Amino acid sequence: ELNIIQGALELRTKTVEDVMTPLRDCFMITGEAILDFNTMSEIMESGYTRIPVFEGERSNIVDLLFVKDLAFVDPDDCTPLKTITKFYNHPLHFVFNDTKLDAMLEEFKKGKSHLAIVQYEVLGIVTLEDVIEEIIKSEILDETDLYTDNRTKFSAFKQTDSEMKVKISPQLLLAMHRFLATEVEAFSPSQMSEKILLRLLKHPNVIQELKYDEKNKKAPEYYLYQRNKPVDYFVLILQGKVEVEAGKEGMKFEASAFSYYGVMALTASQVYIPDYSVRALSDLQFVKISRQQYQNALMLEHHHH
Amino acid sequence: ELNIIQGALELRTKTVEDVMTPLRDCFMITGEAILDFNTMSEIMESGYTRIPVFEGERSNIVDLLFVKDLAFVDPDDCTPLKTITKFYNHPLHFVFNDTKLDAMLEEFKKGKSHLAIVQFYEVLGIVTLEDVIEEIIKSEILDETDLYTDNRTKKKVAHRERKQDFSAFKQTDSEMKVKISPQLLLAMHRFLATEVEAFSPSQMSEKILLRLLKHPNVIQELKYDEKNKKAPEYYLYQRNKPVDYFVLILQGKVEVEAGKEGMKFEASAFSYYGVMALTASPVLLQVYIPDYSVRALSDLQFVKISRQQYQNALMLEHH
Ligand SMILES: Nc1ncnc2c1ncn2[C@@H]1O[C@H](COP(=O)(O)OP(=O)(O)NP(=O)(O)O)[C@@H](O)[C@H]1O
Ligand SMILES: Nc1ncnc2c1ncn2[C@@H]1O[C@H](COP(=O)(O)OP(=O)(O)NP(=O)(O)O)[C@@H](O)[C@H]1O
Ligand SMILES: [Mg+2]
Ligand SMILES: [Mg+2]
Ligand SMILES: [Mg+2]
Ligand SMILES: [Mg+2]
C-alpha cells in the first residue's frame with residue numbers, strides 16, 4: 431500500500447514521455463480502409479478500444495475509431511471506414527511531450543478522449570490507464586487487452613474463405629459456428645472444442661449448395677431427407693427455403709436458415791430414421807455433417823491432451 | 431494534489447458500499463432480449479460497455495454483456511442475446527459488501543471482469569474499477585453518459601451526446617413478402633369467386649383471379665402499435681376521402697365507423713370494403791367515395807386491389 435503513495439508523491443516529476451507508448455508500438459488503421467471482415471477481425475484481435483486513424487503517413491493522425499463504433503457494422507456490407515468516422519467524428523485529444531502527469535489527468539477527467547497523442562514531432566500515445574498504472578505503482582489489465590506494456594503476454609478470427617469449393621461470407625460462417633456451439637448440444641463446447649467445430653464446418657464438401665429447377669421440383673435429388681428412409685448426416689441450412697413434410701399425416705410447413713435436422717444421426721439414438795421429408799424450394803446453401811465426421815471430431819477433441 | 435496520497439489510507443478501510451452504484455439505478459438488459467435494431471439502439475444510447483443480464487427478476491443477475499461482443503453482430507439478423515452471452519460466457523466476479531477496496535483493486539488488476547456484482561444471497565449493486573479510482577483520486581472521470589462520480593448524483597454533460605438518433609443506419613424494413621398458407625389462399629379464392637360478383641367466373645376466369653391475388657403487393661400485412669393509435673397510416677379507409685382500392689380482411693380486427701352519424705362497429709375476417717372502387721366507367787374521374795372509416799384494432803392481413811390491377815385483369819381477354 432506504500433507503492434500508491436510513492437507514485438502519488440512522484441507524479442509531479444514524471445512526464446508523459448516516462449509512460450509514453452512509442453509510435454512504433456502503436457496500433458493504427460489507415461483512413462483509406464474498408465471495414466470488411468478481415469479488417470474488423472484485425473481490429474478486434476488487438477483488443478484496443480481506441481485506435482487512431484491516420485491518413486497517408488502514420489505520423490499524420492487524422493481521426494479516432496472506437497470499438498464501440500462497430501456495433502451496427504455488418505462485415506458483409508464491407509462499409510468504408512470514412513462513413514463510420516463521419517457519422518461518429520470522434521474528438522481528437524492532443525498533448526505535448528513536455529507535460530506533467532497531473533495536467534494529463536486533469537485533462538482526461540473531463541477530456542473528450544482518454545487517448546492522447548504525445549508531440561510537432563509525434564512520438565507516441567498516452568492513455569488515462571497509463572497515468573493511473575504509473576500512479577498506483579502496479580499495472581492494470583482487462584484481459585481483453587493483449588499485454589501489459591512490457592512486450593510479454606480468446607478465439608482468433610480465422611474464419612475466412614480463400615477460394616474453396618463453395619463461397620460463403622465469413623460473417624455467415626461465424627454465425628453458424630456461434631449458433632451450433634450455443635443452441636445445439638451435439639456441437640457444444642463441452643463435447644467439442646470450438647476450434648474443432650470450425651475445422652469440421654470448413655471441412656471439404658461439408659458446406660455445399662444446391663440449385664433449384666422447376667422441372668425436377670420434386671425429384672429425389674432435391675430431397676435432403678425422405679420420410680422413413682434411414683440416413684446418417686446432420687443438416688443445417690445457411691441460406692434458402694425448405695419445405696418440411698412431417699408427421700404421419702404429412703403436415704407441411706416451411707423453414708429457412710438456421711433450422712437444423714437430424715442431430716440424432718450423429719450421436720447414438788444406433789440407426790436414425792427421420793419421419794419427415796425436406797424438399798428444396800430455392801437455391802439452398804447448407805452444412806452436411808456425417809456421423810463419421812462427428813465421431814472423428816470427437817476423436818480429435820479427446821486426442822489433445 | 432494531496433488527496434491522492436491519503437486515498438491509500440482510505441482504501442485500506444473503506445468498503446464497496448461507500449462508492450457502490452445501487453442495483454436500483456443500474457441499466458440492465460433482460461435475459462431473453464433480442465439484439466434487433468431497437469435493442470441495440472437502447473444498449474448504445476445507454477453508453478455502457480458492461481451490462482448485467484438477469485433472468486426474471488432484477489436480483490437474479492446471471493450473465494454480463496460486453497459491447498465489444500457486438501462488433502460482429504448484425505442488427506438486421508435479430509440475433510438473440512442468449513447465443514452471445516452463452517458463447518462468450520464472460521465470468522462474473524461476485525463480492526460481499528464487506529470488501530476492503532485494497533482487495534477489490536487487487537482482484538480488478540488481476541484481469542477478472544472490472545464490473546463486479548456486490549451481493560439467500562441478496563444483490564447489493566455494481567462495482568467498477570473507475571469507481572474505486574474516482575474514490576482514491578477524489579475526482580470525476582467521464583467518457584460515458586453520466587457525470588456521477590461516487591454516489592447519488594444525477595447530472596447532464598454536453599447535452600446527452602451519446603443518443604445520436606441512429607435511425608440512418610437502419611435497413612429499409614422492406615418485407616420480402618407475405619406468407620399465406622395454400623389453404624387460406626384457396627378459401628379466399630373461393631369466397632371471392634362466389635359471393636363477390638366482380639371476381640366471379642363470369643367476368644374473370646379462375647386463372648386470372650389467381651394471378652391477380654398472387655400479384656405482388658396485393659396481399660399485405662399491417663403491424664399494430666398499441667401506443668401510436670389512430671395513425672392516418674392505420675386507416676384502411678377514411679370517411680369521405682376518395683379511394684380506388686378494394687380491401688378484403690383475411691385475418692385481424694377492424695373498427696368500421698359508418699354513416700354520417702358515425703356509428704362504430706367491429707368487423708373481423710372476410711369482411712371486405714369498397715367494391716365499387718373497381719368500376720371504371722366514364723364520368786378526378788368516376789370517383790368512388792366511401793361512407794365509412796376502417797381502422798385497425800389488431801395486426802392485419804388482407805388483400806388490397808387497385809382499380810388498375812382489376813381493369814388489367816379484365817383486359818386479359820383471350821379466347
Ligand atoms: N490504440 C492503442 N494502441 C496501442 N496501445 C494502446 C492503445 N490504447 C491504449 N494502449 C495501451 O494499452 C495499455 C492500457 O490502456 P487502456 O486504456 O486500458 O486500453 P483499453 O483497455 O483498450 N481502453 P479501455 O477500454 O478504456 O480499457 C496502456 O499501456 C496504453 O498505453
Ligand atoms: N450497467 C451499468 N448501468 C449503469 N451504470 C453503470 C453500469 N456499469 C457501469 N456503470 C457506471 O458507469 C460508470 C462508468 O464505468 P466505466 O468503468 O467507465 O465503464 P467503461 O468506461 O465502459 N469501461 P472502460 O472503457 O474501461 O472505461 C461507473 O462509475 C459505474 O458507476
Ligand atoms: Mg483497459
Ligand atoms: Mg447481415
Ligand atoms: Mg470509462
Ligand atoms: Mg445492414
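Order-wise, the sequence lines are chains A and D. Here the first sequence stands for residues 431 to 549, 561 to 594, 606 to 721, 788 to 823, numbered as in the deposited numbering. Here the second sequence stands for residues 431 to 549, 560 to 723, 786 to 821, numbered as in the deposited numbering. Note that CB positions come from ideal geometry on N, CA and C, so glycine has one too.
* Asked: Roughly how many angstroms lie between the CA atoms of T460/D and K542/D, to the nearest whole one?
  -> In a straight line, the C-alpha of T460/D is about 23 Å away from that of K542/D.
* **Any non-hydrogen atom of ligand 5 within 7 Å of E584/D CB** => At least one heavy atom of ligand 5 is nearer than 7 Å to the Cβ of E584/D, so yes.
* By C-beta, the residues closer than 6 Å to any heavy atom of ligand 4, given in chain order -> Per the Cβ criterion, the list is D504/A, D506/A, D504/D, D506/D and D507/D.
* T460/D - partner residues in DSSP beta bridges -> Paired residues: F484/D.
* Classification of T634/A by the beta-carbon crowding that lies within 10 angstroms, buried from 16 upward -> Buried.
* Please find out if some non-hydrogen atom of ligand 3 comes closer than 7 Å to the beta-carbon of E570/A. => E570/A: yes, Cβ under 7 Å from ligand 3.
* **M644/A to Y812/A span [Cα, whole Å]** => So the two alpha carbons sit approximately 9 Å from each other.
* **Proximity of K539/D and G437/D at Cβ, strictly below 8 Å** => Not a contact, by the Cβ cut-off of 8 Å.
* Which residue's Cα is closest to the Cα of residue 428/D: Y561/D, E562/D, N591/D and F560/D? -> Within the shown structure, residues of chain D are numbered from 431 to 821, placing residue 428/D beyond reach of any answer.
* If you count every other CB in all the chains shown that lies within 10 Å of the CB of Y561/D, and 16 or more means buried, which is it? -> Under this definition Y561/D is an exposed residue.
* Count the other CB atoms, across all protein chains shown, that sit within 10 Å of the CB of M534/D; report buried if there are 16 or more and exposed otherwise. => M534/D comes out buried.
* Asked: Among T509/A, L799/A, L625/A and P510/A, which residue has its Cα nearest to the Cα of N668/A?
  -> Distance from the Cα of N668/A is smallest, within the candidate group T509/A, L799/A, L625/A and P510/A, for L799/A.
* Asked: Would you say the region 615-622 of chain D touches the region 696-710 of chain D, given that touching needs at least three Cβ pairs under 8 Å?
  -> No, the region 615-622 of chain D does not touch the region 696-710 of chain D.
* To do: Return the residues of the region 630-645 of chain A that lie within a Cβ-Cβ distance of less than 7 Å from chain D, sorted by chain order.
  => Here the close residues are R630, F631, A633, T634 and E635.
* Inter-residue Cα distance where the pair is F524/A and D532/D -> Their Cα atoms are separated by approximately 33 Å.
* Asked: Rounded C-beta distance between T515/D and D493/D? I'm assuming under 8 Å.
  -> Their Cβ separation, rounded to whole angstroms, is 4 Å, which keeps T515/D and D493/D in contact under 8 Å.
* With a CB to CB cut of under 6 Å and the five nearest residues on each side skipped, what residues in its chain are close to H520/A? -> Excluding the 5 residues flanking it on each side, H520/A has same chain C-beta neighbours closer than 6 Å at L494, in chain order.
* Taking DSSP as the reference, what is the three-state secondary structure of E697/A? -> Look at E697/A here: in three-state DSSP terms it is strand.
* To do: List the endpoints of the continuous beta strand (DSSP E) containing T568/A.
  => Looking at the DSSP string, the run of the beta strand (DSSP E) that includes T568/A is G565 to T568.
* Could I get the ranges of all uninterrupted alpha helix (DSSP H) runs contained in the region 589-641 of chain D, with 4 residues as the minimum, in chain order? => DSSP runs (the alpha helix (DSSP H)) wholly in the region 589-641 of chain D: 622-634.
* **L439/A at chain D interface by Cβ criterion, 8 Å** => True, the Cβ-Cβ gap to chain D drops below 8 Å.
* Which value, in whole angstroms, describes the spacing of the CA atoms of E485/A and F705/A? -> Near 54 Å, if we compare the C-alpha coordinates of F705/A and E485/A.
* Asked: Hey, quick one: how far does the alpha helix (DSSP H) through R651/A stretch, first residue to last?
  -> Run containing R651/A: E646 to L653, per the alpha helix (DSSP H) assignment.
* To do: Going by CA-CA distance only, name the one from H823/A, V683/A, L816/A and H821/A that's closest to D793/A.
  => The candidate whose alpha carbon is nearest that of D793/A is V683/A.
* Give a yes or no on whether the C-beta atoms belonging to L718/A and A638/A are separated by under 8 Å. => Yes, they are a contact pair.
* **Coil, strand or helix - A533/A by DSSP** => The answer is helix: DSSP assigns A533/A an H, G or I state.
* chain D contact for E584/A (CB, 8 Å cutoff) -> For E584/A, the nearest CB of chain D lies under 8 Å from its own CB, placing it at the interface with that chain.
* Where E706/D sits in the DSSP three-state scheme -> In the three-state reduction of the DSSP assignment, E706/D falls in the strand class, which pools E and B.
* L564/D and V548/D: beta carbons closer than 8 Å? -> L564/D places its beta carbon less than 8 Å from that of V548/D.
* Asked: So, are the CB atoms of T612/A and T529/A less than 8 Å apart?
  -> Taking 8 Å as the Cβ cut-off, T612/A and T529/A do not qualify as a contacting pair.
* Residue closest to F710/A, alpha-carbon to alpha-carbon, out of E536/A, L632/A and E580/A -> Ranked by Cα distance from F710/A, the options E536/A, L632/A and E580/A are led by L632/A.
* Helix, strand or coil at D448/D according to DSSP, with G and I counted as helix -> Note: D448/D maps to helix in three-state DSSP.
* Asked: Hey, quick one: how far does the alpha helix (DSSP H) through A815/D stretch, first residue to last?
  -> It spans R809 to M817 - the alpha helix (DSSP H) in which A815/D sits, taken as one unbroken run.
* Asked: How many whole angstroms separate the CB atoms of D801/D and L662/D, which I take to be in contact at a CB cut-off of 8 Å?
  -> With 8 Å as the limit, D801/D and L662/D qualify as a contact, their Cβ atoms being about 7 Å apart.
* Is DSSP giving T719/A helix, strand or coil here? -> Correct three-state label for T719/A: coil.
* Would you check whether ligand 2 has a heavy atom nearer than 7 Å to the C-beta of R480/D? => Yes.
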